[PDB]
$ cat start_23.cif   # mmCIF, N, CA and C atoms and all ligand atoms
data_input
loop_
_atom_site.label_atom_id
_atom_site.label_comp_id
_atom_site.auth_asym_id
_atom_site.auth_seq_id
_atom_site.Cartn_x
_atom_site.Cartn_y
_atom_site.Cartn_z
N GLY I 243 -11.90 16.39 1.88
CA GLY I 243 -12.18 17.37 0.83
C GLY I 243 -10.94 18.19 0.56
N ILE I 244 -9.78 17.69 0.96
CA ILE I 244 -8.51 18.38 0.73
C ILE I 244 -7.69 17.62 -0.32
N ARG I 245 -7.21 18.38 -1.32
CA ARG I 245 -6.31 17.83 -2.31
C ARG I 245 -4.99 17.55 -1.58
N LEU I 246 -4.34 16.45 -1.96
CA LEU I 246 -3.08 16.08 -1.33
C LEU I 246 -1.95 17.13 -1.52
N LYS I 247 -1.90 17.80 -2.68
CA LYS I 247 -0.93 18.91 -2.86
C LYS I 247 -1.17 20.06 -1.89
N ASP I 248 -2.45 20.32 -1.57
CA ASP I 248 -2.78 21.34 -0.57
C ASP I 248 -2.51 20.93 0.84
N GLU I 249 -2.68 19.64 1.17
CA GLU I 249 -2.36 19.16 2.47
C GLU I 249 -0.85 19.21 2.71
N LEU I 250 -0.07 18.97 1.65
CA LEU I 250 1.40 19.09 1.75
C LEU I 250 1.83 20.46 2.20
N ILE I 251 1.17 21.48 1.67
CA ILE I 251 1.44 22.86 2.06
C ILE I 251 1.06 23.07 3.55
N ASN I 252 -0.08 22.53 3.97
CA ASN I 252 -0.52 22.65 5.39
C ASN I 252 0.50 22.01 6.34
N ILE I 253 1.00 20.83 5.99
CA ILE I 253 1.94 20.20 6.87
C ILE I 253 3.32 20.86 6.91
N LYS I 254 3.76 21.46 5.81
CA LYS I 254 4.97 22.28 5.83
C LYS I 254 4.84 23.44 6.84
N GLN I 255 3.70 24.13 6.82
CA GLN I 255 3.42 25.25 7.70
C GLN I 255 3.41 24.79 9.18
N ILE I 256 2.77 23.64 9.43
CA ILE I 256 2.59 23.11 10.78
C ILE I 256 3.91 22.66 11.37
N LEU I 257 4.72 21.97 10.56
CA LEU I 257 6.04 21.51 11.00
C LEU I 257 7.02 22.68 11.25
N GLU I 258 7.05 23.65 10.34
CA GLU I 258 7.86 24.85 10.53
C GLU I 258 7.46 25.60 11.80
N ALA I 259 6.17 25.74 12.01
CA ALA I 259 5.66 26.48 13.20
C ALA I 259 6.08 25.74 14.50
N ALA I 260 6.24 24.44 14.40
CA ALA I 260 6.65 23.58 15.53
C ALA I 260 8.20 23.40 15.64
N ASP I 261 8.98 24.11 14.82
CA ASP I 261 10.43 23.95 14.77
C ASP I 261 10.90 22.49 14.53
N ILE I 262 10.20 21.82 13.64
CA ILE I 262 10.56 20.49 13.15
C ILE I 262 10.93 20.59 11.63
N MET I 263 12.14 20.16 11.29
CA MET I 263 12.60 20.22 9.92
C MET I 263 11.78 19.25 9.09
N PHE I 264 11.32 19.70 7.94
CA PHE I 264 10.49 18.93 7.04
C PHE I 264 11.33 18.56 5.82
N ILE I 265 11.39 17.25 5.56
CA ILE I 265 12.18 16.69 4.50
C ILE I 265 11.19 16.00 3.54
N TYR I 266 11.07 16.56 2.34
CA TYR I 266 10.18 16.06 1.29
C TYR I 266 10.80 16.41 -0.07
N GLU I 267 10.83 15.44 -1.01
CA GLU I 267 11.20 15.72 -2.42
C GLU I 267 10.25 14.93 -3.32
N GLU I 268 9.60 15.59 -4.27
CA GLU I 268 8.60 14.91 -5.09
C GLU I 268 9.25 13.77 -5.90
N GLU I 269 8.68 12.58 -5.81
CA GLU I 269 9.17 11.39 -6.54
C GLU I 269 7.98 10.48 -6.76
N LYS I 270 7.79 10.03 -8.01
CA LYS I 270 6.73 9.11 -8.37
C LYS I 270 5.35 9.62 -7.92
N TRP I 271 5.12 10.93 -8.09
CA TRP I 271 3.78 11.46 -7.76
C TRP I 271 2.67 10.71 -8.49
N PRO I 272 1.62 10.27 -7.76
CA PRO I 272 0.52 9.56 -8.41
C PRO I 272 -0.07 10.25 -9.67
N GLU I 273 -0.12 9.58 -10.80
CA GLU I 273 -0.60 10.19 -12.04
C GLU I 273 -2.13 10.27 -12.06
N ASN I 274 -2.77 9.33 -11.38
CA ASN I 274 -4.22 9.34 -11.26
C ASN I 274 -4.59 8.60 -9.98
N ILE I 275 -5.35 9.26 -9.14
CA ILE I 275 -5.86 8.62 -7.92
C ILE I 275 -7.28 9.15 -7.88
N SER I 276 -8.20 8.35 -7.37
CA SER I 276 -9.58 8.80 -7.30
C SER I 276 -9.62 9.93 -6.32
N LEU I 277 -10.58 10.81 -6.48
CA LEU I 277 -10.70 11.95 -5.59
C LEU I 277 -11.04 11.41 -4.21
N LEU I 278 -11.87 10.38 -4.14
CA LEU I 278 -12.04 9.74 -2.77
C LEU I 278 -10.74 9.32 -2.08
N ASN I 279 -9.93 8.53 -2.77
CA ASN I 279 -8.74 7.95 -2.17
C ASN I 279 -7.71 9.04 -1.88
N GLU I 280 -7.71 10.06 -2.73
CA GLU I 280 -6.86 11.23 -2.50
C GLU I 280 -7.24 11.95 -1.20
N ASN I 281 -8.54 12.18 -1.02
CA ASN I 281 -9.05 12.83 0.15
C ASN I 281 -8.81 11.99 1.43
N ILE I 282 -8.90 10.66 1.34
CA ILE I 282 -8.61 9.80 2.49
C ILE I 282 -7.13 9.96 2.92
N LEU I 283 -6.25 9.93 1.93
CA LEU I 283 -4.84 10.16 2.16
C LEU I 283 -4.48 11.51 2.73
N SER I 284 -5.16 12.57 2.30
CA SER I 284 -4.99 13.92 2.88
C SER I 284 -5.29 13.93 4.34
N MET I 285 -6.40 13.30 4.69
CA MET I 285 -6.82 13.19 6.10
C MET I 285 -5.81 12.43 6.94
N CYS I 286 -5.30 11.31 6.39
CA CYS I 286 -4.33 10.49 7.10
C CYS I 286 -2.99 11.21 7.21
N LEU I 287 -2.60 11.93 6.15
CA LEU I 287 -1.36 12.69 6.18
C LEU I 287 -1.45 13.77 7.29
N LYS I 288 -2.58 14.47 7.36
CA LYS I 288 -2.76 15.49 8.37
C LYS I 288 -2.62 14.91 9.77
N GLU I 289 -3.30 13.80 10.01
CA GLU I 289 -3.25 13.15 11.34
C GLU I 289 -1.84 12.63 11.71
N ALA I 290 -1.14 12.05 10.75
CA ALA I 290 0.25 11.53 10.98
C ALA I 290 1.10 12.70 11.47
N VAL I 291 0.97 13.83 10.82
CA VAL I 291 1.77 15.03 11.19
C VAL I 291 1.28 15.70 12.49
N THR I 292 -0.04 15.75 12.74
CA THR I 292 -0.60 16.18 14.05
C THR I 292 0.08 15.35 15.15
N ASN I 293 0.22 14.04 14.90
CA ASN I 293 0.78 13.18 15.93
C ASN I 293 2.28 13.49 16.16
N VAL I 294 3.00 13.76 15.08
CA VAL I 294 4.40 14.14 15.18
C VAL I 294 4.48 15.39 16.08
N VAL I 295 3.67 16.40 15.72
CA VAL I 295 3.75 17.68 16.47
C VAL I 295 3.38 17.55 17.95
N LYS I 296 2.34 16.78 18.27
CA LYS I 296 1.74 16.70 19.61
C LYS I 296 2.52 15.80 20.51
N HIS I 297 3.17 14.76 19.93
CA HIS I 297 3.75 13.70 20.77
C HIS I 297 5.27 13.44 20.65
N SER I 298 5.86 13.66 19.50
CA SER I 298 7.14 12.99 19.19
C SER I 298 8.36 13.60 19.90
N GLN I 299 8.32 14.91 20.10
CA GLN I 299 9.52 15.75 20.40
C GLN I 299 10.63 15.64 19.32
N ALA I 300 10.22 15.34 18.08
CA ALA I 300 11.13 15.21 16.94
C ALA I 300 11.81 16.54 16.61
N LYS I 301 13.01 16.47 16.02
CA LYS I 301 13.62 17.61 15.36
C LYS I 301 13.47 17.57 13.83
N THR I 302 13.15 16.38 13.28
CA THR I 302 13.02 16.12 11.84
C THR I 302 11.78 15.26 11.53
N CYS I 303 11.11 15.55 10.41
CA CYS I 303 9.98 14.74 9.91
C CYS I 303 10.18 14.58 8.40
N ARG I 304 10.25 13.32 7.95
CA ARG I 304 10.41 13.01 6.55
C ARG I 304 9.09 12.45 6.00
N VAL I 305 8.62 13.01 4.90
CA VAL I 305 7.39 12.51 4.23
C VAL I 305 7.69 12.08 2.81
N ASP I 306 7.20 10.89 2.44
CA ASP I 306 7.32 10.41 1.08
C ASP I 306 5.92 10.08 0.60
N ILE I 307 5.64 10.42 -0.64
CA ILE I 307 4.34 10.17 -1.24
C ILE I 307 4.60 9.63 -2.67
N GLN I 308 4.34 8.34 -2.87
CA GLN I 308 4.76 7.69 -4.12
C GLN I 308 3.70 6.72 -4.64
N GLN I 309 3.48 6.74 -5.94
CA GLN I 309 2.78 5.66 -6.62
C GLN I 309 3.73 4.48 -6.76
N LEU I 310 3.37 3.33 -6.17
CA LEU I 310 4.19 2.12 -6.23
C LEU I 310 3.29 0.95 -6.52
N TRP I 311 3.46 0.41 -7.71
CA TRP I 311 2.74 -0.76 -8.22
C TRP I 311 1.25 -0.37 -8.23
N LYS I 312 0.36 -1.04 -7.49
CA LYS I 312 -1.04 -0.65 -7.53
C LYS I 312 -1.54 0.14 -6.32
N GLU I 313 -0.62 0.76 -5.60
CA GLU I 313 -0.94 1.55 -4.42
C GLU I 313 -0.35 2.96 -4.51
N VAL I 314 -0.98 3.89 -3.83
CA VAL I 314 -0.29 5.09 -3.40
C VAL I 314 0.16 4.82 -1.98
N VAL I 315 1.47 4.99 -1.75
CA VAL I 315 2.06 4.78 -0.43
C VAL I 315 2.54 6.13 0.18
N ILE I 316 2.09 6.43 1.40
CA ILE I 316 2.62 7.61 2.11
C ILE I 316 3.37 7.14 3.33
N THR I 317 4.59 7.62 3.50
CA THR I 317 5.31 7.31 4.76
C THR I 317 5.56 8.65 5.46
N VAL I 318 5.36 8.63 6.76
CA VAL I 318 5.67 9.79 7.62
C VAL I 318 6.56 9.23 8.73
N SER I 319 7.80 9.73 8.78
CA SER I 319 8.74 9.32 9.80
C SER I 319 9.19 10.53 10.58
N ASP I 320 9.48 10.30 11.85
CA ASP I 320 10.10 11.31 12.65
C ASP I 320 11.15 10.70 13.57
N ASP I 321 12.04 11.55 14.07
CA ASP I 321 13.17 11.16 14.84
C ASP I 321 13.01 11.47 16.32
N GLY I 322 11.76 11.52 16.77
CA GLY I 322 11.50 11.68 18.21
C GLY I 322 11.41 10.34 18.91
N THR I 323 10.62 10.28 19.95
CA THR I 323 10.42 9.00 20.64
C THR I 323 8.93 8.70 20.75
N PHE I 324 8.59 7.44 20.47
CA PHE I 324 7.21 7.01 20.50
C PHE I 324 6.70 6.97 21.94
N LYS I 325 5.50 7.50 22.14
CA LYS I 325 4.99 7.68 23.51
C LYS I 325 3.84 6.73 23.88
N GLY I 326 3.44 5.87 22.97
CA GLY I 326 2.27 5.06 23.16
C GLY I 326 2.58 3.75 23.84
N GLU I 327 1.51 3.09 24.27
CA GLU I 327 1.62 1.80 24.95
C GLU I 327 1.88 0.69 23.95
N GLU I 328 2.12 -0.52 24.46
CA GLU I 328 2.41 -1.66 23.59
C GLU I 328 1.41 -1.74 22.46
N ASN I 329 0.13 -1.62 22.80
CA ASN I 329 -0.92 -1.50 21.76
C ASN I 329 -1.53 -0.10 21.72
N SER I 330 -1.12 0.70 20.76
CA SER I 330 -1.51 2.12 20.75
C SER I 330 -2.72 2.43 19.86
N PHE I 331 -3.38 1.39 19.38
CA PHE I 331 -4.54 1.53 18.51
C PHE I 331 -5.79 1.44 19.37
N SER I 332 -6.33 2.59 19.78
CA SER I 332 -7.52 2.58 20.63
C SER I 332 -8.69 3.25 19.95
N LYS I 333 -9.88 2.76 20.29
CA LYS I 333 -11.13 3.35 19.87
C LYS I 333 -11.14 4.85 20.18
N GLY I 334 -11.60 5.60 19.20
CA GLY I 334 -11.83 7.02 19.33
C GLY I 334 -10.64 7.88 19.01
N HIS I 335 -9.55 7.28 18.53
CA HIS I 335 -8.28 8.02 18.32
C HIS I 335 -7.74 7.75 16.94
N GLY I 336 -6.71 8.53 16.55
CA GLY I 336 -6.28 8.66 15.20
C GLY I 336 -5.59 7.44 14.62
N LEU I 337 -4.79 6.72 15.40
CA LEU I 337 -4.09 5.53 14.80
C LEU I 337 -5.10 4.47 14.33
N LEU I 338 -6.01 4.12 15.20
CA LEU I 338 -7.02 3.12 14.87
C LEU I 338 -8.00 3.71 13.84
N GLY I 339 -8.36 4.99 14.02
CA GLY I 339 -9.16 5.72 13.03
C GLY I 339 -8.63 5.66 11.61
N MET I 340 -7.35 5.97 11.44
CA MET I 340 -6.72 5.94 10.15
C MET I 340 -6.70 4.49 9.62
N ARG I 341 -6.35 3.54 10.48
CA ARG I 341 -6.24 2.14 10.02
C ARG I 341 -7.62 1.65 9.55
N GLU I 342 -8.65 1.91 10.33
CA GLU I 342 -10.00 1.45 9.97
C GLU I 342 -10.47 2.12 8.68
N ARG I 343 -10.25 3.42 8.55
CA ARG I 343 -10.72 4.11 7.34
C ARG I 343 -9.94 3.61 6.13
N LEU I 344 -8.61 3.40 6.27
CA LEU I 344 -7.77 2.84 5.16
C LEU I 344 -8.17 1.44 4.79
N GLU I 345 -8.42 0.59 5.80
CA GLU I 345 -8.73 -0.80 5.55
C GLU I 345 -10.09 -0.95 4.86
N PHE I 346 -11.03 -0.04 5.17
CA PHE I 346 -12.32 -0.05 4.54
C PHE I 346 -12.16 0.22 3.04
N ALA I 347 -11.16 1.03 2.69
CA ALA I 347 -10.82 1.36 1.31
C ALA I 347 -9.88 0.30 0.68
N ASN I 348 -9.68 -0.86 1.35
CA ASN I 348 -8.78 -1.93 0.89
C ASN I 348 -7.32 -1.47 0.91
N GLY I 349 -7.04 -0.52 1.80
CA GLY I 349 -5.68 -0.12 2.08
C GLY I 349 -5.22 -0.65 3.42
N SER I 350 -4.17 -0.02 3.92
CA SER I 350 -3.44 -0.52 5.08
C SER I 350 -2.70 0.60 5.80
N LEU I 351 -2.41 0.34 7.08
CA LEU I 351 -1.59 1.21 7.91
C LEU I 351 -0.68 0.31 8.72
N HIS I 352 0.63 0.55 8.61
CA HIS I 352 1.62 -0.10 9.44
C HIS I 352 2.43 0.96 10.18
N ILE I 353 2.95 0.55 11.30
CA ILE I 353 3.71 1.42 12.18
C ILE I 353 4.97 0.72 12.64
N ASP I 354 6.06 1.49 12.68
CA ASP I 354 7.30 1.06 13.26
C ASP I 354 7.74 2.13 14.27
N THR I 355 7.97 1.71 15.51
CA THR I 355 8.31 2.67 16.60
C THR I 355 9.66 2.44 17.23
N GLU I 356 10.54 1.81 16.48
CA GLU I 356 11.87 1.65 16.93
C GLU I 356 12.62 2.99 16.91
N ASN I 357 13.02 3.47 15.72
CA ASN I 357 13.89 4.68 15.68
C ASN I 357 13.10 5.99 15.52
N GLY I 358 12.40 6.39 16.58
CA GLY I 358 11.31 7.33 16.44
C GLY I 358 10.04 6.60 16.03
N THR I 359 9.23 7.20 15.15
CA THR I 359 7.95 6.63 14.74
C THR I 359 7.86 6.77 13.24
N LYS I 360 7.55 5.65 12.57
CA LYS I 360 7.30 5.70 11.14
C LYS I 360 5.97 5.00 10.82
N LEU I 361 5.12 5.73 10.11
CA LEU I 361 3.81 5.27 9.67
C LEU I 361 3.88 5.05 8.16
N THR I 362 3.46 3.87 7.74
CA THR I 362 3.30 3.60 6.29
C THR I 362 1.86 3.38 5.96
N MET I 363 1.29 4.20 5.08
CA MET I 363 -0.16 4.15 4.83
C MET I 363 -0.25 3.92 3.32
N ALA I 364 -1.12 3.01 2.88
CA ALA I 364 -1.26 2.68 1.46
C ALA I 364 -2.75 2.61 1.15
N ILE I 365 -3.08 2.99 -0.07
CA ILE I 365 -4.45 2.85 -0.57
C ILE I 365 -4.34 2.46 -2.04
N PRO I 366 -5.33 1.71 -2.53
CA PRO I 366 -5.36 1.34 -3.96
C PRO I 366 -5.39 2.49 -4.89
N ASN I 367 -4.68 2.28 -6.00
CA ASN I 367 -4.74 3.12 -7.15
C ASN I 367 -4.18 2.45 -8.42
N1 LIG I 401 4.61 10.37 16.04
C1 LIG I 401 4.46 9.98 17.31
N2 LIG I 401 5.43 10.16 18.17
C2 LIG I 401 5.29 9.79 19.48
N3 LIG I 401 4.17 9.23 20.02
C3 LIG I 401 3.13 9.01 19.15
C4 LIG I 401 3.21 9.35 17.72
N4 LIG I 401 2.02 9.05 17.11
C5 LIG I 401 1.28 8.48 18.09
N5 LIG I 401 1.95 8.46 19.26
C6 LIG I 401 1.47 7.85 20.53
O1 LIG I 401 0.39 6.98 20.18
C7 LIG I 401 -0.76 7.39 20.93
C8 LIG I 401 -2.01 7.16 20.13
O2 LIG I 401 -2.03 8.02 18.95
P1 LIG I 401 -3.44 8.43 18.38
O3 LIG I 401 -3.22 9.34 17.24
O4 LIG I 401 -4.25 7.19 18.16
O5 LIG I 401 -4.15 9.24 19.61
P2 LIG I 401 -3.89 10.75 20.06
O6 LIG I 401 -3.16 11.56 19.00
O7 LIG I 401 -3.41 10.74 21.46
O8 LIG I 401 -5.38 11.29 20.06
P3 LIG I 401 -6.20 11.78 18.75
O9 LIG I 401 -5.57 11.10 17.55
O10 LIG I 401 -7.58 11.21 19.10
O11 LIG I 401 -6.11 13.28 18.71
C9 LIG I 401 -0.51 8.85 21.30
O12 LIG I 401 -1.28 9.38 22.43
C10 LIG I 401 0.97 8.79 21.59
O13 LIG I 401 1.26 8.24 22.89
MG MG I 402 -3.57 11.34 17.00
#
$ encode --input "start_23.cif" --output "structure tokens"
Amino acid sequence: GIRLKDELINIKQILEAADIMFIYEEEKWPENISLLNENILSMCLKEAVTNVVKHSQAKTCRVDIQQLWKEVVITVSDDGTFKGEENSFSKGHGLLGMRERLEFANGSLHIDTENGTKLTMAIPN
């Protein structure tokens, strides 16, 4: 029930309070996304950033939110170190939670944990 523009403000506050530099510049903002898919993305954006704050030990977090072809794509990257096991998608927790909720919406969640942690989340639009 959170607009994505409002969630952006929440994550700026959370990252600043955690002494993590937030890097965001508006580019290709979605011109129309369903209120459902927008709200799913707000929830996933919040969780991606909760994870940065709780686990990463990052000094920087970069967020991109772009309409690309038939998807809205959100990427959240940080320059800390990934703390999870080889398979970090477990029942009852946010990575698998976000992936399952996105996939139900015919979207996707990918993760790269080489240079810190980067989450790419996409949903139809
Ligand atoms: N940005 C990150 N940086 C470092 N480690 C991370 C990051 N995101 C996730 N992890 C690791 O992946 C694990 C699983 O993440 P997940 O969000 O599924 O669970 P959680 O945050 O521990 O619990 P919950 O999401 O239920 O509050 C984390 O416990 C942590 O070890
Ligand atoms: Mg989590």
$ residues_around --input "start_23.cif" --residues "region 258-269 of chain I" --least-positions-apart "3" --cutoff "8 Å" --atoms "only N, CA and C atoms" --output "MDAnalysis selection string"
chainID I and resid 252:255 272 295 299:309
$ write_last_selection --input "start_23.cif" --atoms "N, CA and C atoms" --output "CSV table (one decimal), keeping the file's coordinate frame"
chain,number,residue,atom,x,y,z
I,252,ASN,N,-0.1,22.5,4.0
I,252,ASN,CA,-0.5,22.6,5.4
I,252,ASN,C,0.5,22.0,6.3
I,253,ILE,N,1.0,20.8,6.0
I,253,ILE,CA,1.9,20.2,6.9
I,253,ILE,C,3.3,20.9,6.9
I,254,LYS,N,3.8,21.5,5.8
I,254,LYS,CA,5.0,22.3,5.8
I,254,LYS,C,4.8,23.4,6.8
I,255,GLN,N,3.7,24.1,6.8
I,255,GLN,CA,3.4,25.2,7.7
I,255,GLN,C,3.4,24.8,9.2
I,272,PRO,N,1.6,10.3,-7.8
I,272,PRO,CA,0.5,9.6,-8.4
I,272,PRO,C,-0.1,10.2,-9.7
I,295,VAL,N,3.7,16.4,15.7
I,295,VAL,CA,3.8,17.7,16.5
I,295,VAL,C,3.4,17.6,18.0
I,299,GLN,N,8.3,14.9,20.1
I,299,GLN,CA,9.5,15.8,20.4
I,299,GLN,C,10.6,15.6,19.3
I,300,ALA,N,10.2,15.3,18.1
I,300,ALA,CA,11.1,15.2,16.9
I,300,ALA,C,11.8,16.5,16.6
I,301,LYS,N,13.0,16.5,16.0
I,301,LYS,CA,13.6,17.6,15.4
I,301,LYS,C,13.5,17.6,13.8
I,302,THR,N,13.2,16.4,13.3
I,302,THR,CA,13.0,16.1,11.8
I,302,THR,C,11.8,15.3,11.5
I,303,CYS,N,11.1,15.6,10.4
I,303,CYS,CA,10.0,14.7,9.9
I,303,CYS,C,10.2,14.6,8.4
I,304,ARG,N,10.2,13.3,8.0
I,304,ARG,CA,10.4,13.0,6.6
I,304,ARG,C,9.1,12.4,6.0
I,305,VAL,N,8.6,13.0,4.9
I,305,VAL,CA,7.4,12.5,4.2
I,305,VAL,C,7.7,12.1,2.8
I,306,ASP,N,7.2,10.9,2.4
I,306,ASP,CA,7.3,10.4,1.1
I,306,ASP,C,5.9,10.1,0.6
I,307,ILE,N,5.6,10.4,-0.6
I,307,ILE,CA,4.3,10.2,-1.2
I,307,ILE,C,4.6,9.6,-2.7
I,308,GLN,N,4.3,8.3,-2.9
I,308,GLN,CA,4.8,7.7,-4.1
I,308,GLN,C,3.7,6.7,-4.6
I,309,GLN,N,3.5,6.7,-5.9
I,309,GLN,CA,2.8,5.7,-6.6
I,309,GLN,C,3.7,4.5,-6.8
$ atom_distance --input "start_23.cif" --atom1 "CA of residue 350 (chain I)" --atom2 "atom C of residue 365 (chain I)"
7.8 Å
$ atom_distance --input "start_23.cif" --atom1 "atom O10 of ligand LIG 401 (chain I)" --atom2 "CA of residue 313 (chain I)"
26.3 Å
$ residues_near_ligand --input "start_23.cif" --ligand "ligand MG 402 (chain I)" --cutoff "10 Å" --atoms "only C-alpha atoms and all ligand atoms" --output "CSV table (one decimal) with N, CA and C atoms, in the coordinates of the input"
chain,number,residue,atom,x,y,z
I,286,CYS,N,-5.3,11.3,6.4
I,286,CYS,CA,-4.3,10.5,7.1
I,286,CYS,C,-3.0,11.2,7.2
I,288,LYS,N,-2.6,14.5,7.4
I,288,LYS,CA,-2.8,15.5,8.4
I,288,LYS,C,-2.6,14.9,9.8
I,289,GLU,N,-3.3,13.8,10.0
I,289,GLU,CA,-3.2,13.2,11.3
I,289,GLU,C,-1.8,12.6,11.7
I,290,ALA,N,-1.1,12.0,10.8
I,290,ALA,CA,0.2,11.5,11.0
I,290,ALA,C,1.1,12.7,11.5
I,291,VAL,N,1.0,13.8,10.8
I,291,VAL,CA,1.8,15.0,11.2
I,291,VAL,C,1.3,15.7,12.5
I,292,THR,N,0.0,15.8,12.7
I,292,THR,CA,-0.6,16.2,14.0
I,292,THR,C,0.1,15.4,15.2
I,293,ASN,N,0.2,14.0,14.9
I,293,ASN,CA,0.8,13.2,15.9
I,293,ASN,C,2.3,13.5,16.2
I,294,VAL,N,3.0,13.8,15.1
I,294,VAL,CA,4.4,14.1,15.2
I,294,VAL,C,4.5,15.4,16.1
I,295,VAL,N,3.7,16.4,15.7
I,295,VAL,CA,3.8,17.7,16.5
I,295,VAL,C,3.4,17.6,18.0
I,296,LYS,N,2.3,16.8,18.3
I,296,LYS,CA,1.7,16.7,19.6
I,296,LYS,C,2.5,15.8,20.5
I,297,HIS,N,3.2,14.8,19.9
I,297,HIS,CA,3.8,13.7,20.8
I,297,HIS,C,5.3,13.4,20.6
I,331,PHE,N,-3.4,1.4,19.4
I,331,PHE,CA,-4.5,1.5,18.5
I,331,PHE,C,-5.8,1.4,19.4
I,334,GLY,N,-11.6,5.6,19.2
I,334,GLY,CA,-11.8,7.0,19.3
I,334,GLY,C,-10.6,7.9,19.0
I,335,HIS,N,-9.6,7.3,18.5
I,335,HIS,CA,-8.3,8.0,18.3
I,335,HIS,C,-7.7,7.8,16.9
I,336,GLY,N,-6.7,8.5,16.6
I,336,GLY,CA,-6.3,8.7,15.2
I,336,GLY,C,-5.6,7.4,14.6
I,337,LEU,N,-4.8,6.7,15.4
I,337,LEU,CA,-4.1,5.5,14.8
I,337,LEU,C,-5.1,4.5,14.3
I,338,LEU,N,-6.0,4.1,15.2
I,338,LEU,CA,-7.0,3.1,14.9
I,338,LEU,C,-8.0,3.7,13.8
I,339,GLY,N,-8.4,5.0,14.0
I,339,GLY,CA,-9.2,5.7,13.0
I,339,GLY,C,-8.6,5.7,11.6
I,340,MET,N,-7.4,6.0,11.4
I,340,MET,CA,-6.7,5.9,10.2
I,340,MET,C,-6.7,4.5,9.6
$ atom_distance --input "start_23.cif" --atom1 "atom N of residue 249 (chain I)" --atom2 "CA of residue 282 (chain I)"
11.6 Å
$ residues_around --input "start_23.cif" --residues "residue 361 (chain I)" --least-positions-apart "2" --cutoff "6 Å" --atoms "only C-alpha atoms" --output "list in words"
residues 317, 318, 352 and 353 of chain I
$ closest_residue --input "start_23.cif" --among "I:362, I:357, I:347, I:284" --to "residue 321 (chain I)" --atoms "all atoms listed in the file"
I:357
$ select_by_dssp --input "start_23.cif" --residues "chain I" --states "strand (DSSP E)" --output "MDAnalysis selection string"
chainID I and resid 263:265 302:310 313:320 350:354 359:366
$ select_by_dssp --input "start_23.cif" --residues "chain I" --states "helix (DSSP H, G or I)" --output "number ranges by chain"
I: 246-259, 277-298, 336-346
$ residues_around --input "start_23.cif" --residues "residue 364 (chain I)" --least-positions-apart "6" --cutoff "8 Å" --atoms "only C-alpha atoms" --output "short mmCIF file (atom, residue, chain, number, x, y, z; two decimals) with N, CA and C atoms, keeping the file's coordinate frame"
data_model
loop_
_atom_site.label_atom_id
_atom_site.label_comp_id
_atom_site.auth_asym_id
_atom_site.auth_seq_id
_atom_site.Cartn_x
_atom_site.Cartn_y
_atom_site.Cartn_z
N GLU I 313 -0.62 0.76 -5.60
CA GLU I 313 -0.94 1.55 -4.42
C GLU I 313 -0.35 2.96 -4.51
N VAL I 314 -0.98 3.89 -3.83
CA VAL I 314 -0.29 5.09 -3.40
C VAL I 314 0.16 4.82 -1.98
N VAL I 315 1.47 4.99 -1.75
CA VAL I 315 2.06 4.78 -0.43
C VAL I 315 2.54 6.13 0.18
N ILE I 316 2.09 6.43 1.40
CA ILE I 316 2.62 7.61 2.11
C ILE I 316 3.37 7.14 3.33
N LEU I 344 -8.61 3.40 6.27
CA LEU I 344 -7.77 2.84 5.16
C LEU I 344 -8.17 1.44 4.79
N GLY I 349 -7.04 -0.52 1.80
CA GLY I 349 -5.68 -0.12 2.08
C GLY I 349 -5.22 -0.65 3.42
N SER I 350 -4.17 -0.02 3.92
CA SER I 350 -3.44 -0.52 5.08
C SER I 350 -2.70 0.60 5.80
N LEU I 351 -2.41 0.34 7.08
CA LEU I 351 -1.59 1.21 7.91
C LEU I 351 -0.68 0.31 8.72
#
